[PDB]
Amino acid sequence: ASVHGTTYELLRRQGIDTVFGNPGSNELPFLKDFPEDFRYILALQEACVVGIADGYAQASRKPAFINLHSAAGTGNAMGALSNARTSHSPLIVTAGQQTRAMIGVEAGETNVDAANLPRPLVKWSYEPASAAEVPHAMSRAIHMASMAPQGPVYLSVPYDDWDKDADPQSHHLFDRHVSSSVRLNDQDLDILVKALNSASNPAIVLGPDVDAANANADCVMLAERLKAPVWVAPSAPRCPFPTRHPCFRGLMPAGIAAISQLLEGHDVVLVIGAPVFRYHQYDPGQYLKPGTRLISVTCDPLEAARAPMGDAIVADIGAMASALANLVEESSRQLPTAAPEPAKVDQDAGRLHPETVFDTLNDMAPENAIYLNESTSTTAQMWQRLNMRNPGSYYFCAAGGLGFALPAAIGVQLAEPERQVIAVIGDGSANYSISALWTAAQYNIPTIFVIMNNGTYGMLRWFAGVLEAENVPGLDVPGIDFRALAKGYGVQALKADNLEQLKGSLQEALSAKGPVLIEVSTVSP
Amino acid sequence: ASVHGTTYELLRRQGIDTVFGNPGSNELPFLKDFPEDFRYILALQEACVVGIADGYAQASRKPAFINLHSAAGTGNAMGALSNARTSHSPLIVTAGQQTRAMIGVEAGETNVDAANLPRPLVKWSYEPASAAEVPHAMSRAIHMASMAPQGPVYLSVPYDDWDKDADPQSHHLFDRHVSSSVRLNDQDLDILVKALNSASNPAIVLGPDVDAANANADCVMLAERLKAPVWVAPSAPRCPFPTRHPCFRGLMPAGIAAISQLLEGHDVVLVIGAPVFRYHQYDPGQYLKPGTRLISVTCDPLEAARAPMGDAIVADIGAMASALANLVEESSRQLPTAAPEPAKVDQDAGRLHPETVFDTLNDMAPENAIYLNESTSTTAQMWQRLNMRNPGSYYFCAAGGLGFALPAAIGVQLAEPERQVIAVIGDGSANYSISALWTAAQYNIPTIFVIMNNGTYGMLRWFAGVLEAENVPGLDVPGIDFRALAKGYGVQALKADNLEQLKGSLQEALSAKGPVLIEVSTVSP
Amino acid sequence: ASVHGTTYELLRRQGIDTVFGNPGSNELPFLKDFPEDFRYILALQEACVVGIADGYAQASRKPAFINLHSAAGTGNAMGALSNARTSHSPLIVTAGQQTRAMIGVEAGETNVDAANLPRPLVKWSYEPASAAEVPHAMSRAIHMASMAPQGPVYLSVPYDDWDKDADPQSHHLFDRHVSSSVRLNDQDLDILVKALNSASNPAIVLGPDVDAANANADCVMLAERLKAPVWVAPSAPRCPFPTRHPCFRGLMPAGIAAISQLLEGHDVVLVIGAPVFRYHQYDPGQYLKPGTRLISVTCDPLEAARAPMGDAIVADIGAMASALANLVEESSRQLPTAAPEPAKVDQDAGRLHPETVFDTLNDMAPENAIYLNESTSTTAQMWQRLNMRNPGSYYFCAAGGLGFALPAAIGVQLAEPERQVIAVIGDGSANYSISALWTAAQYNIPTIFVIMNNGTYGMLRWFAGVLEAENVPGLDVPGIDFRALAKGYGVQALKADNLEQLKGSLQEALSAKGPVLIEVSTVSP
Ligand SMILES: Cc1ncc(C[n+]2csc(CCOP(=O)(O)OP(=O)(O)O)c2C)c(N)n1
Ligand SMILES: Cc1ncc(C[n+]2csc(CCOP(=O)(O)OP(=O)(O)O)c2C)c(N)n1
Ligand SMILES: Cc1ncc(C[n+]2csc(CCOP(=O)(O)OP(=O)(O)O)c2C)c(N)n1
Ligand SMILES: [Mg+2]
Ligand SMILES: [Mg+2]
Ligand SMILES: [Mg+2]
């Protein structure tokens, strides 16, 4: 048995059947003799490769296996890896190293000081000291990505290892089951339950690790029993709660004073599967107002440590949420009132307001639609106007790194073939990972890409306003033809310059068998 | 309120009342105005400082706070930190940085690229970007050390920060409670319980995290109910089980084939709070023999990932052990038979066999004695001949780094004033952290230090034999007077050149009110 | 030919005949079959090992080869390595790694993420990917330490590599000669020469790289021709100039305003082989006063980049100094006047003033004495009172890390057997690397150790004053018997409680054939 054979046996035994990658010389000895039960998804740039794997990993709730070329390939993917870290995405990142004999003289394609390259974004980074170690290194990689808190890992492999004899004792790796499905002990759980039952005006804040766990239904159960309003934590990479449920209060303000003021009057605030908290607007003030106690359930020690206030419990979100919801008493308090219908905004038969685009998608798109967002100006309106009833219905770059939603959209669609993926992407964001379009076309992945063309980096023009920053160059991105780029990568090119054109374009893309791009003319503020 | 005042309020509110350190210029602004409710333990070298803190941390089962000087002080402690990593010791390591204005030009005492220095040994390493951040950084440090898996952390602080205004919102830090007291969910725990109840010839292996958790009594309960033999995992940094209990099988062989052969016939092998496994002799073969399934409970994802075989569960050892022992059925199988009494070895009235020294200590030393071991030749005999009935009765350098047991002995004794600490230290090991003796004397810490003088690095002469390595220089360490060194640091100097002299010396040291060193003439093999 | 044989052939062919080390399991396969033409110097702790190598490297002006054990040994030496960085000391640091088969499971003595450990202090850190690479890695290590700027390097080697077949093509390594003996091109050198010739009131500042280059005589030539005063740069790790030469102005003040004021009136200030500048007192003000231009010749890009003012030239100090001194014109200006004789200080027949100790050493000690200083309170007086006529006559911890001068003293003495080494070490500093004494005794190295016992960390009591920091714990170190510690390691123990006792003790130590320690009772300020 070779290192090659043993590695592919371990992958399949660990439930991996897919390889996301961009090939190169150092990967050919791993990629040759490709098993019939595996499939390779090619992307044209390593940002795109990882972004696709990311979406696939996040929607599947399983490890995604990546294979990149040396330093240059790993490097090209580092922005994408910055999103995977905050996402807690289980990404197994492998990269071909030059032969052991050639590393010393630093021959072309040598990854110098390989394990340092992807730091500090990965939970684990390693290059084995012998070819027989490679399978054992892969085992650690697989388990390091899948254990709470989940995240990207990095394995560098000299290309001459693949053909060498595997250690026969590597077979003990194949069926290893590692569990982190843990929850607070009975004594301390009862105390926390007793404090939730005796809370007067309880409040709940939910983050991406709830949607990752598919703890959504258990959190609905909890919010009903406690009769408590539910917010999503700021800079939300995912949606952990039905957005039209009576308890849902929508997206939290990203400011310190704003959140404290919001939370004032709530005696107990239970945060689940979110950092405390991903602020971005610097709006200073009190973290919490007097009378408000905060308890945080997180899968990430880092999150527990950095919280500027409140108690924390480090545990698996599924296990905690399941236990919390079954143990908690039924309050005789009244269920909070559903949020009102959004205002229909003023719309002429010219350029489309984003508010109009979102209303149209809510009306036309399937009830089990999956949305992705890289339209940075319009995030608030999209959370208000899209009714997302089910889990895994929203993805947004977790560390704010643009070039996620386009490839990720393809990865989600591949992971969820029965669910229509609709990526709403700003004219600016579309360019970062534009070559990802090709993959949707080559593997007939029917992702819909909705380009919001306001001819500008709108979120930055807004930020410059708040900052009162004038004479900033490079805020405008005119002279981009998105129908020409879609055609460039073999993706069907529709347009919508008005409401009737958007209704018809949408209707067309829904029933289209392949990927469709819709270039939307939107109002420039 | 200054950063100084807020930091000392957070320490005391987080339960810290002691500072282990060696001072320097960059630490004076932190160390000035020293609160009455705190105490400073001075050591003369930073290896000694950390080793003392380590012992104190390990015996107390609480964070120990350290304060060292810049790069040079941190650097001097790095060997000691290598032991703390494997130990899972909650060590809060702080180090004075030069003023923010002086860092740029790299003025004398500037710690260049500070957070990188102690990597890769620490769980967390940081230098704050502003003086107002320091308290928040300390909060993260405290929680990063105390959360499972416990371990050393590193905070670098520019010395001009201490006097600056603290952020008033830092008060939210003071009372933060972070829990990792977690255990496997009911459904998967029941499955594991069902497999332990239905095991034919169950086996148990215990590691240092059991003694850390004080999970010892729960593991005795478990071994009785399962009627199963109990080994300690190899390179044991601690003792997790009464060594004269009917089930105790002693220390495991550190080889692959040896352990597999040992485990052959055991259908289920439950490992708790140990890596799988800390081999040192390279004796190759099968990891496990057919018919043997391995389940590992560990507090450390790293341990779970790197295990070359078996299932793993990442959770708190106290919570897992408590749950396992109460849920498990009472087997109607017969309790395993106590191990035989050790053979008394041949002894004349000249140089002492280590076997004799250990028999003498077992007879004379209190039932609740705490032992430390840095006598690398004689570890096996010491495990066989010392009856350790209680928790926290054994410490041994976890990563094998010499210069731990002498300072650690002082730290344990300070943490456990009602328990006689007896450090059995080889002539070789004694030198690494020799200046630690002074601290025992300056703070009247009645640690007994037993120096095994065979005039050589015995373990290395043995290793060179196994390797058949000849003409190795520097294996012998003649011409060391340990009574002169003890006097050098104000520690009472006894000797034992025969059995009667060892009996009387021991009797004297037991009733001595201060630290005693006993130089023992032992047989050179 | 094995990796072992080829490595020892490369060392000897590269001019290495000495191994400084503390052994362990992972080093036995390198250390076995020790060649007859090599010698091993054992130290009892890795701080001591490196400190000895450091002194030897600095006095010899050649690479020193070190061999430590895994993480714990490397770690123990990290403080010492922090001094070697600022020193630009050519230290080849090797450390035994566990076998390639055992690294994966992290068996006892495994150095985890080995090359990261000694960062950020080393110029180069590496673990080879194959046993056949080891010789090539050693070649890089040797050349990376010896090229300007010189500094410590780190090589980690799995212990099973040593016995494996070497690549025959490794023979090309043996005789490789790498040169950095470079100087500014003629056109730019002429411009700089023209600006030195046309300078009105030129000034010269010299640093440790001048003494490293043995550029001392060329810098005397330069100072005579320019008729310019010569200072030594602050925090001086070495002495680059005869201290009783008419031009010598002594040690510079370590403050910004102080140095600028000092330099005011000097139209051109030429700094050679020094950082610009190693400030420690934060005394703010102007870096340079108007009318003062600064030109810096340094061997270190880092030094060139971080200078807050002036022009820099990155080149070899020997080559630059030699060229500068031969090209420069003979000024018809008058030679600066020799500094006055120091004041004899008030002395009774009780405890000795440091001023008295230094006057006594100047009178009695040989003209070609080598001094080392770890008496942190008394540095200024020692520079004023010791006439150092020759190169390599002064060493002081370069990064201020205590535990350098005691081992370094032994290394210097071994490198310079015809020159009496006299280490003046504070009561505090003596403890950091106290076990180094044994090596002086075991290899009969006749280093004289002069312990300045004021029973305190004097420099820290002074610093706390300047800072007006009160109630600082751990500033006092009473109850240390240094004659007992010397005896402990077999070193002859003299004392001096008054002047007559110091005169006689000194006279005795000078003619003693082995190491002598002199415990001096000094006045506590
Ligand atoms: C890789 C990367 N580069 C730059 C940014 C900064 N950034 C945040 S939003 C934004 C503008 C995006 O514009 P567009 O996609 O047109 O959306 P709009 O703001 O107009 O809705 C930019 C450049 C980033 N987050 N990531
Ligand atoms: C810091 C460090 N340096 C070196 C070693 C390697 N080492 C392991 S055991 C040993 C010998 C210790 O001798 P001693 O304390 O006399 O005990 P003995 O073997 O004679 O019982 C050495 C040097 C180590 N583990 N740590
Ligand atoms: C490893 C290390 N720890 C601590 C310090 C801080 N420090 C600088 S000088 C000093 C006091 C040294 O005292 P001693 O050797 O007695 O000399 P004195 O000041 O009394 O002359 C200390 C601890 C340091 N530089 N390096
Ligand atoms: Mg835009
Ligand atoms: Mg010994
Ligand atoms: Mg002193």
# chains A, B, ... in the order shown; residues from 1 in each chain; ligands from 1

call {"tool": "residues_around", "arguments": {"residues": "residue 333 (chain B)", "least_positions_apart": "5", "cutoff": "12 Å", "atoms": "only C-alpha atoms", "output": "list in words"}}
result
residues 197, 198, 199, 200, 201, 202, 223, 224, 225, 226, 227 and 228 of chain B

call {"tool": "residues_around", "arguments": {"residues": "region 149-162 of chain A", "least_positions_apart": "5", "cutoff": "7 Å", "atoms": "only C-alpha atoms", "output": "MDAnalysis selection string"}}
result
chainID A and resid 2:4 26:27 29:30 81 84:85 88:100 114 122:128 131 141 144 299:300

call {"tool": "write_last_selection", "arguments": {"atoms": "N, CA and C atoms", "output": "CSV table (one decimal), in the first residue's frame"}}
result
chain,number,residue,atom,x,y,z
A,2,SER,N,0.6,2.2,-0.9
A,2,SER,CA,1.4,3.5,-0.9
A,2,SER,C,0.7,4.5,0.0
A,3,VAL,N,1.5,5.6,0.2
A,3,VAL,CA,1.0,6.8,1.0
A,3,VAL,C,-0.3,7.3,0.2
A,4,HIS,N,-0.2,7.4,-1.1
A,4,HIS,CA,-1.4,7.7,-2.0
A,4,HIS,C,-2.6,6.9,-1.6
A,26,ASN,N,3.7,20.1,-8.1
A,26,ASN,CA,3.8,19.4,-6.8
A,26,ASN,C,2.5,18.6,-6.4
A,27,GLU,N,1.4,18.7,-7.1
A,27,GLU,CA,0.1,18.1,-6.7
A,27,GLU,C,-0.2,16.9,-7.7
A,29,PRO,N,1.4,14.0,-8.4
A,29,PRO,CA,1.5,12.7,-7.7
A,29,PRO,C,0.5,12.3,-6.7
A,30,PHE,N,-0.2,13.3,-6.2
A,30,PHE,CA,-1.4,13.1,-5.3
A,30,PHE,C,-2.6,13.0,-6.1
A,81,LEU,N,-9.1,32.4,3.3
A,81,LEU,CA,-8.9,31.6,4.6
A,81,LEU,C,-9.2,32.6,5.8
A,84,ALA,N,-12.7,32.0,6.5
A,84,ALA,CA,-13.0,30.7,7.0
A,84,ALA,C,-12.7,30.6,8.5
A,85,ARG,N,-11.7,31.4,9.0
A,85,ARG,CA,-11.3,31.4,10.4
A,85,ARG,C,-12.5,31.9,11.3
A,88,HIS,N,-15.6,29.6,11.4
A,88,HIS,CA,-15.4,28.3,12.0
A,88,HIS,C,-15.7,27.2,10.9
A,89,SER,N,-15.2,27.4,9.7
A,89,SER,CA,-15.4,26.5,8.5
A,89,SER,C,-14.4,25.3,8.6
A,90,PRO,N,-14.8,24.1,8.6
A,90,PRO,CA,-13.9,22.9,8.6
A,90,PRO,C,-13.2,22.7,7.3
A,91,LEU,N,-12.2,23.5,7.0
A,91,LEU,CA,-11.5,23.4,5.7
A,91,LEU,C,-10.1,22.7,5.8
A,92,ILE,N,-10.0,21.5,5.1
A,92,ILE,CA,-8.7,20.8,5.1
A,92,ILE,C,-7.9,21.3,3.9
A,93,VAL,N,-6.9,22.1,4.2
A,93,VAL,CA,-6.1,22.7,3.1
A,93,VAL,C,-4.8,22.0,2.9
A,94,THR,N,-4.6,21.3,1.8
A,94,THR,CA,-3.3,20.6,1.4
A,94,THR,C,-2.7,21.4,0.3
A,95,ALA,N,-1.3,21.3,0.2
A,95,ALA,CA,-0.5,22.1,-0.8
A,95,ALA,C,0.7,21.3,-1.1
A,96,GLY,N,1.0,21.0,-2.4
A,96,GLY,CA,2.1,20.3,-2.8
A,96,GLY,C,3.4,21.0,-2.5
A,97,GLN,N,4.3,20.3,-1.9
A,97,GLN,CA,5.7,20.7,-1.6
A,97,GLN,C,6.6,20.0,-2.6
A,98,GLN,N,7.7,20.7,-2.9
A,98,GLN,CA,8.8,20.1,-3.8
A,98,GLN,C,9.4,18.9,-3.2
A,99,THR,N,10.0,18.0,-3.9
A,99,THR,CA,10.6,16.8,-3.4
A,99,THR,C,11.6,17.1,-2.2
A,100,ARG,N,11.7,16.1,-1.3
A,100,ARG,CA,12.5,16.3,-0.1
A,100,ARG,C,14.0,16.6,-0.5
A,114,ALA,N,7.0,26.5,5.1
A,114,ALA,CA,5.6,26.3,4.7
A,114,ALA,C,4.6,26.5,5.8
A,122,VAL,N,-5.1,29.8,10.6
A,122,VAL,CA,-5.5,28.4,10.7
A,122,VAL,C,-5.3,27.9,12.1
A,123,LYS,N,-6.1,26.9,12.5
A,123,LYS,CA,-6.0,26.2,13.8
A,123,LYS,C,-4.8,25.4,14.0
A,124,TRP,N,-4.2,24.9,12.8
A,124,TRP,CA,-3.2,23.9,12.8
A,124,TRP,C,-2.5,24.0,11.4
A,125,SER,N,-1.2,23.9,11.4
A,125,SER,CA,-0.4,24.0,10.1
A,125,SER,C,0.9,23.2,10.3
A,126,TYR,N,1.2,22.3,9.3
A,126,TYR,CA,2.2,21.3,9.5
A,126,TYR,C,2.8,20.8,8.1
A,127,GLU,N,4.1,20.4,8.1
A,127,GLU,CA,4.8,19.7,7.1
A,127,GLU,C,5.4,18.4,7.7
A,128,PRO,N,5.0,17.2,7.3
A,128,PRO,CA,5.5,16.0,7.9
A,128,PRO,C,7.0,15.8,7.7
A,131,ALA,N,7.7,10.6,4.6
A,131,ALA,CA,6.5,10.3,3.8
A,131,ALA,C,5.5,9.4,4.5
A,141,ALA,N,-5.1,16.6,10.6
A,141,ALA,CA,-5.7,17.7,9.9
A,141,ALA,C,-7.2,17.6,9.9
A,144,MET,N,-8.5,18.1,13.5
A,144,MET,CA,-8.3,19.5,13.9
A,144,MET,C,-9.3,20.4,13.3
A,299,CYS,N,-18.6,28.0,21.2
A,299,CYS,CA,-17.7,26.8,20.9
A,299,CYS,C,-16.3,27.2,20.8
A,300,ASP,N,-15.9,28.5,21.1
A,300,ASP,CA,-14.5,29.0,20.8
A,300,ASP,C,-13.9,29.7,22.1

call {"tool": "closest_atom_pairs", "arguments": {"of": "chain C", "to": "chain A", "cutoff": "8 Å", "atoms": "only C-alpha atoms", "output": "JSON lines"}}
result
{"residue": "C:100", "atom": "CA", "partner": "A:129", "partner_atom": "CA", "distance": 5.7}
{"residue": "C:101", "atom": "CA", "partner": "A:133", "partner_atom": "CA", "distance": 7.1}
{"residue": "C:103", "atom": "CA", "partner": "A:129", "partner_atom": "CA", "distance": 7.5}
{"residue": "C:104", "atom": "CA", "partner": "A:133", "partner_atom": "CA", "distance": 6.4}
{"residue": "C:128", "atom": "CA", "partner": "A:104", "partner_atom": "CA", "distance": 7.5}
{"residue": "C:129", "atom": "CA", "partner": "A:129", "partner_atom": "CA", "distance": 5.5}
{"residue": "C:130", "atom": "CA", "partner": "A:100", "partner_atom": "CA", "distance": 6.3}
{"residue": "C:132", "atom": "CA", "partner": "A:101", "partner_atom": "CA", "distance": 7.8}
{"residue": "C:133", "atom": "CA", "partner": "A:104", "partner_atom": "CA", "distance": 6.4}
{"residue": "C:136", "atom": "CA", "partner": "A:104", "partner_atom": "CA", "distance": 7.0}
{"residue": "C:137", "atom": "CA", "partner": "A:104", "partner_atom": "CA", "distance": 7.1}

call {"tool": "select_by_dssp", "arguments": {"residues": "region 296-387 of chain B", "states": "alpha helix (DSSP H)", "output": "count of residues only"}}
result
35

call {"tool": "residues_near_ligand", "arguments": {"ligand": "ligand 4", "cutoff": "8 Å", "atoms": "only C-alpha atoms and all ligand atoms", "output": "mmCIF file with N, CA, C and O atoms, in the first residue's frame"}}
result
data_model
loop_
_atom_site.group_PDB
_atom_site.id
_atom_site.type_symbol
_atom_site.label_atom_id
_atom_site.label_comp_id
_atom_site.auth_asym_id
_atom_site.auth_seq_id
_atom_site.Cartn_x
_atom_site.Cartn_y
_atom_site.Cartn_z
ATOM 1 N N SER A 375 -23.146 42.538 -1.260
ATOM 2 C CA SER A 375 -23.683 43.868 -1.625
ATOM 3 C C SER A 375 -23.679 44.703 -0.346
ATOM 4 O O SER A 375 -24.715 44.781 0.320
ATOM 5 N N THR A 376 -22.510 45.259 -0.023
ATOM 6 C CA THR A 376 -22.084 45.729 1.328
ATOM 7 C C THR A 376 -22.899 46.946 1.789
ATOM 8 O O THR A 376 -23.066 47.103 2.999
ATOM 9 N N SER A 377 -23.441 47.725 0.852
ATOM 10 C CA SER A 377 -24.291 48.934 1.072
ATOM 11 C C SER A 377 -25.676 48.583 1.604
ATOM 12 O O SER A 377 -26.290 49.471 2.168
ATOM 13 N N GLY A 426 -22.528 42.954 -5.012
ATOM 14 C CA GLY A 426 -22.264 44.328 -5.477
ATOM 15 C C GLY A 426 -21.351 44.343 -6.692
ATOM 16 O O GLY A 426 -20.604 43.391 -6.908
ATOM 17 N N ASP A 427 -21.433 45.393 -7.488
ATOM 18 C CA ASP A 427 -20.609 45.569 -8.714
ATOM 19 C C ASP A 427 -19.113 45.452 -8.333
ATOM 20 O O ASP A 427 -18.314 44.902 -9.126
ATOM 21 N N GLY A 428 -18.750 45.942 -7.150
ATOM 22 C CA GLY A 428 -17.370 45.972 -6.641
ATOM 23 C C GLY A 428 -16.891 44.594 -6.247
ATOM 24 O O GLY A 428 -15.823 44.152 -6.756
ATOM 25 N N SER A 429 -17.659 43.924 -5.385
ATOM 26 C CA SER A 429 -17.331 42.585 -4.820
ATOM 27 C C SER A 429 -17.194 41.531 -5.931
ATOM 28 O O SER A 429 -16.369 40.585 -5.775
ATOM 29 N N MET A 452 -25.593 43.821 -8.281
ATOM 30 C CA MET A 452 -26.135 45.167 -7.956
ATOM 31 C C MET A 452 -25.155 46.236 -8.488
ATOM 32 O O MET A 452 -24.201 46.631 -7.770
ATOM 33 N N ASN A 453 -25.361 46.709 -9.717
ATOM 34 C CA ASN A 453 -24.447 47.703 -10.340
ATOM 35 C C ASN A 453 -24.882 49.143 -10.040
ATOM 36 O O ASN A 453 -25.743 49.674 -10.753
ATOM 37 N N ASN A 454 -24.239 49.767 -9.053
ATOM 38 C CA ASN A 454 -24.355 51.226 -8.727
ATOM 39 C C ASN A 454 -23.056 51.914 -9.171
ATOM 40 O O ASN A 454 -22.910 53.118 -8.917
ATOM 41 N N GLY A 455 -22.166 51.181 -9.853
ATOM 42 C CA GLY A 455 -20.943 51.734 -10.450
ATOM 43 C C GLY A 455 -19.978 52.220 -9.380
ATOM 44 O O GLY A 455 -19.053 52.985 -9.722
ATOM 45 N N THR A 456 -20.156 51.796 -8.123
ATOM 46 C CA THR A 456 -19.318 52.290 -7.004
ATOM 47 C C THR A 456 -19.224 51.277 -5.858
ATOM 48 O O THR A 456 -20.052 50.336 -5.758
ATOM 49 N N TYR A 457 -18.201 51.482 -5.039
ATOM 50 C CA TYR A 457 -18.006 50.854 -3.706
ATOM 51 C C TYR A 457 -18.852 51.647 -2.717
ATOM 52 O O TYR A 457 -18.273 52.411 -1.953
ATOM 53 N N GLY A 458 -20.171 51.497 -2.780
ATOM 54 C CA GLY A 458 -21.166 52.264 -1.994
ATOM 55 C C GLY A 458 -20.871 52.295 -0.499
ATOM 56 O O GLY A 458 -20.918 53.379 0.096
ATOM 57 N N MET A 459 -20.593 51.145 0.114
ATOM 58 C CA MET A 459 -20.316 51.031 1.577
ATOM 59 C C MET A 459 -19.144 51.949 1.962
ATOM 60 O O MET A 459 -19.198 52.567 3.010
#

call {"tool": "residues_near_ligand", "arguments": {"ligand": "ligand 2", "cutoff": "9 Å", "atoms": "only C-alpha atoms and all ligand atoms", "output": "ChimeraX atom specification"}}
result
/B:79-80,374-379,397,399-403,425-432,451-462,475-477,524 /C:22-27,44-46,68-76,109

call {"tool": "residues_around", "arguments": {"residues": "residue 417 (chain B)", "least_positions_apart": "4", "cutoff": "12 Å", "atoms": "only C-alpha atoms", "output": "JSON, numbers by chain"}}
result
{"B": [56, 59, 60, 368, 369, 370, 409, 410, 411, 412, 413, 421, 444, 445, 446, 447, 513, 514]}

call {"tool": "residues_around", "arguments": {"residues": "residue 435 (chain C)", "least_positions_apart": "2", "cutoff": "10 Å", "atoms": "only C-alpha atoms", "output": "ChimeraX atom specification"}}
result
/B:430-435,480,485 /C:43-45,47-48,406-407,430-433,437-440,485-486,488-489

call {"tool": "residues_around", "arguments": {"residues": "residue 499 (chain C)", "least_positions_apart": "2", "cutoff": "9 Å", "atoms": "only C-alpha atoms", "output": "list in words"}}
result
residues 347, 348, 349, 350, 351, 352, 356, 357, 360, 496, 497, 501, 502, 503 and 504 of chain C

call {"tool": "closest_residue", "arguments": {"among": "C:450, C:317, C:145, C:112", "to": "residue 210 (chain C)", "atoms": "only C-alpha atoms"}}
result
C:317

call {"tool": "residues_around", "arguments": {"residues": "residue 394 (chain A)", "least_positions_apart": "2", "cutoff": "9 Å", "atoms": "only C-alpha atoms", "output": "VMD selection string"}}
result
chain A and resid 237 to 240 370 to 373 388 391 to 392 396

call {"tool": "select_by_dssp", "arguments": {"residues": "region 80-130 of chain B", "states": "strand (DSSP E)", "output": "PyMOL selection string"}}
result
chain B and resi 91-97+124-126

call {"tool": "residues_around", "arguments": {"residues": "residue 176 (chain A)", "least_positions_apart": "4", "cutoff": "9 Å", "atoms": "only C-alpha atoms", "output": "PyMOL selection string"}}
result
(chain A and resi 14+139+172) or (chain B and resi 308-312)

call {"tool": "closest_residue", "arguments": {"among": "A:171, A:249, A:164, A:293", "to": "residue 270 (chain A)", "atoms": "only C-alpha atoms"}}
result
A:293

call {"tool": "atom_distance", "arguments": {"atom1": "CA of residue 320 (chain C)", "atom2": "CA of residue 183 (chain C)"}}
result
5.2 Å

call {"tool": "atom_distance", "arguments": {"atom1": "CA of residue 107 (chain A)", "atom2": "CA of residue 148 (chain C)"}}
result
24.9 Å

call {"tool": "decode", "arguments": {"residues": "region 272-293 of chain B", "atoms": "C-alpha atoms", "output": "PDB file, in the first residue's frame"}}
result
ATOM      1  CA  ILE B 272      -8.590   9.264  30.609  1.00  0.00           C
ATOM      2  CA  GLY B 273      -6.673  12.568  30.761  1.00  0.00           C
ATOM      3  CA  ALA B 274      -3.550  11.284  28.952  1.00  0.00           C
ATOM      4  CA  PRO B 275      -2.055  11.642  25.464  1.00  0.00           C
ATOM      5  CA  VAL B 276      -2.263   8.402  23.408  1.00  0.00           C
ATOM      6  CA  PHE B 277       0.615   7.946  24.052  1.00  0.00           C
ATOM      7  CA  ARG B 278       3.885   9.654  25.243  1.00  0.00           C
ATOM      8  CA  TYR B 279       6.276   6.920  23.901  1.00  0.00           C
ATOM      9  CA  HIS B 280      10.095   7.559  24.387  1.00  0.00           C
ATOM     10  CA  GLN B 281      11.886   4.177  23.787  1.00  0.00           C
ATOM     11  CA  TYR B 282      11.417   3.541  20.035  1.00  0.00           C
ATOM     12  CA  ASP B 283      10.331  -0.140  20.219  1.00  0.00           C
ATOM     13  CA  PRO B 284       8.249  -0.526  16.988  1.00  0.00           C
ATOM     14  CA  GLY B 285       5.292  -2.927  16.312  1.00  0.00           C
ATOM     15  CA  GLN B 286       1.426  -2.786  16.407  1.00  0.00           C
ATOM     16  CA  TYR B 287      -0.235   0.258  18.128  1.00  0.00           C
ATOM     17  CA  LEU B 288      -3.108  -2.110  19.195  1.00  0.00           C
ATOM     18  CA  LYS B 289      -3.495  -5.922  18.794  1.00  0.00           C
ATOM     19  CA  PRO B 290      -6.692  -7.231  17.109  1.00  0.00           C
ATOM     20  CA  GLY B 291      -9.703  -7.516  19.518  1.00  0.00           C
ATOM     21  CA  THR B 292      -8.597  -4.338  21.442  1.00  0.00           C
ATOM     22  CA  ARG B 293     -10.733  -1.165  20.886  1.00  0.00           C
TER      23      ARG B 293
END
